[PDB]
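**Q** Here is my input, please return the structure:
(4 chains, ligands or ions: 4)
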Amino acid sequence: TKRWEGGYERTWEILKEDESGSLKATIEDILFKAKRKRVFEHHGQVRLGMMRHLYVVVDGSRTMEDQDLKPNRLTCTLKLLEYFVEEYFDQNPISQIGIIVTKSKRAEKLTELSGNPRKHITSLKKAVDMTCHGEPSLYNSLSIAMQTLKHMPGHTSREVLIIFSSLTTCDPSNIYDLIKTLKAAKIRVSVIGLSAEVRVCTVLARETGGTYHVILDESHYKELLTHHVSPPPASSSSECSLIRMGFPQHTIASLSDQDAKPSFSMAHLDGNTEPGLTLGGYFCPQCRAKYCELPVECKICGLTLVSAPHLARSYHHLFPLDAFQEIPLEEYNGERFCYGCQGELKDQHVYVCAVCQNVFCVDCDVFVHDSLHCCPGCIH
Amino acid sequence: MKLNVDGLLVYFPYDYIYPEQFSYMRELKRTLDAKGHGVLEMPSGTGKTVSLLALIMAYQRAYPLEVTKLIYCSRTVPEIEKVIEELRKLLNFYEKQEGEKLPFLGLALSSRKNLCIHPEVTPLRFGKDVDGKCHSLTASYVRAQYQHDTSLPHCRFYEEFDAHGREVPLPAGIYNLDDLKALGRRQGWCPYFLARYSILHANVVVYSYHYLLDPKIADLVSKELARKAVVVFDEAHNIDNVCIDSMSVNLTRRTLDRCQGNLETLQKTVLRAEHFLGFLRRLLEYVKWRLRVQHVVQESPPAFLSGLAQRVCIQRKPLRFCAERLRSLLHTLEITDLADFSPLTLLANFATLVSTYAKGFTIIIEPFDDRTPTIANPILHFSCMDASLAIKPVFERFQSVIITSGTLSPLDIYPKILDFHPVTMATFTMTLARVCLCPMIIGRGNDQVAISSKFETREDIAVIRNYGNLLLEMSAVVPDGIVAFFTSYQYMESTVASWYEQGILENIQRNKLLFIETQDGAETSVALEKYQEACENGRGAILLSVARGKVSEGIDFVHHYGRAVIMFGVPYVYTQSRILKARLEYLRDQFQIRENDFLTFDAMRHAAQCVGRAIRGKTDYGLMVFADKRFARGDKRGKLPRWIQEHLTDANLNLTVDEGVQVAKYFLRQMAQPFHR
DNA sequence: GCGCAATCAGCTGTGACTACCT
DNA sequence: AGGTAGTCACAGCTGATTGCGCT
Ligand code: SF4
Ligand SMILES: [Zn+2]
Ligand SMILES: [Zn+2]
Ligand SMILES: [Zn+2]
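**A** Numbering: from 1, shown residues only, chains lettered A, B, ... in the order given. Ligands and ions are numbered 1, 2, ... in the order given. Take a look:
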């Protein structure tokens, strides 16, 4: 039999009348049924995270000249890579991104492994007008990535992302030995192809524990990159992982005070353009070096400079807010004014916190569980 | 699980059954209830054997009296071993689902070389000497002299089997060839002799085609085993062709030289009955007379014996007594080894055949050889012309002979090529969650010029350039290996030479490696190995071969090997050698078969056979392209198997190279996504 | 000479414009 | 003093003819 070949559903049978006018009250419940459409979780997935040293490998062969994605594969790939870098640094405070470009059977480290978001975007924009020549070499790029990531601490999750456009690769040596070495080194390799499935990429992804995907269109490309944005799950307690990092205060300089010392930024000194001679910026807590961007690891003393609000933004996942007990208004014997918004309690249900025993309306309960993430009563 | 057919319940190892398998089982049950022959056609190499074995076992359980013996003749040894292990898996499933054993015996039969335990005969690679050495080691005279316990090197497995293995039977336990060898070596018995003693008390047994199509051994291996028996020839799309090889022999200078060398030794041994001793001496001169005669062709199958009886004045009757001489006179001579004696046996068989079988045969003499046309090479061929002669003995001895393979698209030509009364006319097309193949026919190129491999355009520069461009820009869209087939070795080498002359082969070189298949077995094997290893990694490669080659059917391109199979023109067999034309005339004046229709049938059969090996398994997928406008014609599309017709839409029947490349890109991109079960 | 595909004849659908009787 | 069968345009379909291709 079939589900639709039985009896026809009469959804209008729900409403009922007993006093020739009670229908309004029923729709009121519908309004109360309208709210609370969320699970009280903006993400609802991974409640923790782990540091990642991700490497993005970009093909630079003639296949990037194909016009499958307007205008060509290289331009759309670099645009989506800039978006991916921005989102990845937004959702990962202490992660690092390196960029390798494979071209003419060789691999060139376009950008060193670091946590600066602006540097990677500028490098990609510069590389937009590169010349596509030769054929890619997965062996060289993987060897460089493994060599750089070999010395990274074990607690960090070492990940390599390969954007493989061309369907052929030139291997100066056997690649399966390299795959076994990567497996022994615990390196996660994921490949997002553009043309069609390749056996070597599938084998590499399967053996190294990564995921291999093939692009259907630009939207699917963006979806795959967004899926790669999310950090991998981490164990409850793995090792002794701790890192010495400073917290530079953003001290600006004013001529009203006598402590206004202009200084060139250390990061801006390394650029080809004239370094910014600004009034002030971020001062390193260890060597008092001046920087304009965060989070940027200090070039002099090697300390990492991280903004405290970025780290603190994810603390609500560590201490989720417990759901308030839904209590009907009639069964509650107390004040009928909401503790949060001071509004009169007229809804059929009143929510009471389990700790401070304060009363919150539907709107205040939703606001606390969704955005505030902390009970105002428990704060006091 | 338990499939409930209209009057039976059949256990199947796999819980999930495809609709094609269920329909195939229904049709086979209908045929078995019809008590008649038939022909079947399935698109999957795997899944057919398990279903066939399950239905055979179910029919035997339901009707033990109706069916007693089952035969599953295949093409080679890998098929035999894989069907044996499939039967083993089926029996294990039945045991685990039922709990009690059954008295069913299953054994695999092969040559004496495959099944032997003596370490003094295994290392050698002489298939014509293993039988002779085996007969010399053990025979009637060996058994007679074993009473006195003669101290001579001889096989002793039979000397123990005849007193110990002929009493204990094997009611239960299906044994593979290696299992049979292990049992023989642990019990001190010959695997071949115990197999011969056990076929009578057995349920199922498998072997190759040569044990049924060749009358010299089929009668010995199957004379009164079962009047009501079932036999199947799986993967026999070219069965008629091998039927020709059942009754085709060739004679050359080496054969007659060997005969004249060994007849002196035979005469010397004799002088150490007379009806044949003097009879054999003057037989060689009649056939060597044609050696000194420089004539193009002589055709007289009935009048050849007339010429024999005019030149030497011999009656036709004693020739019919030559065959029975082999088992009578030779055993008296005590031949040490059959080496340097096979040409005499084949000449005797040829004489017996021409004395007996001459109604639908033809004698041909060819003074032509490869690269040495007319120096010294009169080749005599007693070429067969009717496939019914090789198929009548199995049709008159069995009830439900079934012919099935992966390519039997015209079901109306096989019943008239050979005497047959089909009652099935059944075709099956596999279905999955997605279209696993994208066949397409590419006609004119970017220059709007047809790329047909016509004989008048084989040397045309335009078609060669179009083929090169197609292979080049196609190699950049389909990864990890492309298998391309050409019409012939000569055309293939001329085309690759032309590509080398131009600056086009280098462009293909940087995309994929180029590998060429030649006649050398070792070279072909090493080329296949390096192609496989190159396709394993991301380098990718192109395997160029011929449709009518030993590599066409010797290997299967499993998934990720040969994602694309390219057909460069319709592969037409050469009309020379005056061998094809004789068969065409015989079919015209006997079976009323159109010559053009038969040529098209053969070409499309070979093309489909060499193109359908890219899809092995449900998860496997592949691309199939035909680089000839002639394929677009309806009379040739209709010759493709039904499981490829519905996937060949009318949209892409004459599309150019660029649109074909776009279609291939779209198909691969949409097939790279994950699927479900 | 035969066989497959291109071509036309005849009929019909859809929508709108036009010349004689209540 | 106010309304419908022919007629025209542009498509569809099927039922034959009717020149074009040949290892
Ligand atoms: S009798 Fe058997 S074991 Fe002995 S030589 Fe012959 S095949 Fe081998
Ligand atoms: Zn510092
Ligand atoms: Zn409130
Ligand atoms: Zn609280």
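
**Q** For the residue in the stretch 1-150 of chain A that DNA strand C sits nearest to, list the residues it contacts.
**A** Closest to DNA strand C within the stretch 1-150 of chain A is residue A:4: 31.3 Å, counting by CB to the nearest atom of the strand. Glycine gets a C-beta too; all of them are placed from N, C-alpha and C. Not one residue lies near residue A:4 by CB atoms under 8 Å, 6 or more residues apart in numbering or on different chains.

**Q** Nearest the middle, which residue of the chain would you pick?
**A** By default, I'm working from chain A. residue A:91 (2.9 Å; CA atoms, centre = their mean).

**Q** try again with chain B
**A** Residue closest to chain B centre, computed by CA atoms, centre = their mean, is residue B:75 at 4.5 Å.

**Q** So for that residue, what's the nearest residue that isn't a sequence neighbour?
**A** Of all residues not flanking residue B:75 in the chain, residue B:235 sits nearest, at 5.4 Å (CB to CB, 6 or more residues apart in numbering or on different chains).

**Q** tally of neighbours for that neighbour?
**A** Residues lying near residue B:235 (other CB atoms under 10 Å in any protein chain shown) number 20.

**Q** In this structure it contacts residue B:407, no?
**A** No. The pair residue B:235 / residue B:407 is not scored as a contact, 9.2 Å apart, by CB atoms under 8 Å.

**Q** Just name whatever secondary elements the lengthiest helix in chain A is in contact with.
**A** As assigned by DSSP state H, the longest helix anywhere in chain A is helix A:73-91. Using 3 or more CB pairs under 8 Å, 6 or more residues apart in numbering or on different chains; DSSP states H and E, the elements in contact with helix A:73-91 are strand A:52-59, strand A:96-103, helix A:117-127, helix A:218-229.

**Q** From residue A:148, how far out is the residue of the stretch 1-150 of chain A closest to DNA strand C?
**A** Separation of residue A:4 from residue A:148 (CB to CB, to the nearest Å) stands at 59 Å.

**Q** Repeat that for residue B:424.
**A** 66 Å.

**Q** for the residue of the stretch 101-250 of chain A found nearest DNA strand D, what are its contacts?
**A** Residue of the stretch 101-250 of chain A nearest DNA strand D, by CB to the nearest atom of the strand: residue A:217 (31.5 Å). For residue A:217, the contact set (CB under 8 Å, 6+ apart) comprises residue A:69.

**Q** Please list the residues of the stretch 201-350 of chain A that sit near ligand 2.
**A** Residues of the stretch 201-350 of chain A lying close to ligand 2 (CB under 5 Å from the ion) are A:284, A:286-287, A:289, A:298, A:300-301, A:303.

**Q** Can you say which of those residues are buried?
**A** When these are checked for burial by 16 or more other CB atoms under 10 Å in any protein chain shown, the buried set is A:284, A:289, A:298, A:303.

**Q** right, and the pair among the residues you listed with maximum separation?
**A** Pairwise distances across those (CB to CB) peak at 9.1 Å, for the pair A:289 and A:303.

**Q** Can I get stretch B:623-639 as CSV, trimmed to CA atoms?
**A** The C-alpha trace of stretch B:623-639 is given here as CSV (Å, rounded to 0.1, in the frame of the first residue of the first chain):
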residue,chain,number,x,y,z
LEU,B,623,32.8,6.4,-21.2
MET,B,624,32.4,4.8,-24.7
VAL,B,625,33.0,6.7,-27.9
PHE,B,626,32.8,5.6,-31.6
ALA,B,627,35.0,7.7,-33.9
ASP,B,628,33.2,6.9,-37.2
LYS,B,629,30.1,8.4,-38.9
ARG,B,630,29.2,4.9,-40.1
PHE,B,631,28.2,4.0,-36.6
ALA,B,632,25.4,6.6,-36.8
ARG,B,633,23.6,4.6,-39.5
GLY,B,634,20.6,2.7,-38.1
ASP,B,635,21.7,-0.7,-39.5
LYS,B,636,24.8,-0.6,-37.3
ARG,B,637,23.2,1.0,-34.2
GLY,B,638,20.6,-1.8,-34.2
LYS,B,639,23.5,-4.3,-33.8
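
**Q** Buried ones in that stretch, by neighbour count?
**A** Buried residues in stretch B:623-639, counted by 16+ other CB under 10 Å: B:623-632, B:636-637, B:639.

**Q** What about the residues you listed, which are in helices?
**A** Per DSSP H, the buried residues of stretch B:623-639 map to helices at B:636-637.

**Q** Which ones among the buried residues of stretch B:623-639 map onto strands?
**A** Using DSSP state E, the members of those that fall in strands are B:623-627.

**Q** I'd like the residues you listed as TSV, with distance to ligand 3 appended.
**A** Below are those laid out as TSV (distance: CB to the ion, whole Å):
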residue	distance to ligand 3
B:623	64
B:624	68
B:625	69
B:626	74
B:627	75
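
**Q** Out of those residues, which two are the most distant from each other?
**A** B:623 and B:627 (12.7 Å).

**Q** just to revisit the earlier point, distance of the residue of the stretch 1-150 of chain A closest to DNA strand C relative to ligand 1?
**A** 69 Å (CB to the nearest ligand atom, to the nearest Å).

**Q** about what we covered before: can you lay out the buried residues of stretch B:623-639 as a markdown table showing distance to residue B:412?
**A** Listed next are these as a markdown table, based on distance: CB to CB, whole Å:
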| residue | distance to residue B:412 |
| --- | --- |
| B:623 | 30 |
| B:624 | 25 |
| B:625 | 28 |
| B:626 | 23 |
| B:627 | 29 |
| B:628 | 25 |
| B:629 | 26 |
| B:630 | 22 |
| B:631 | 21 |
| B:632 | 23 |
| B:636 | 16 |
| B:637 | 16 |
| B:639 | 11 |
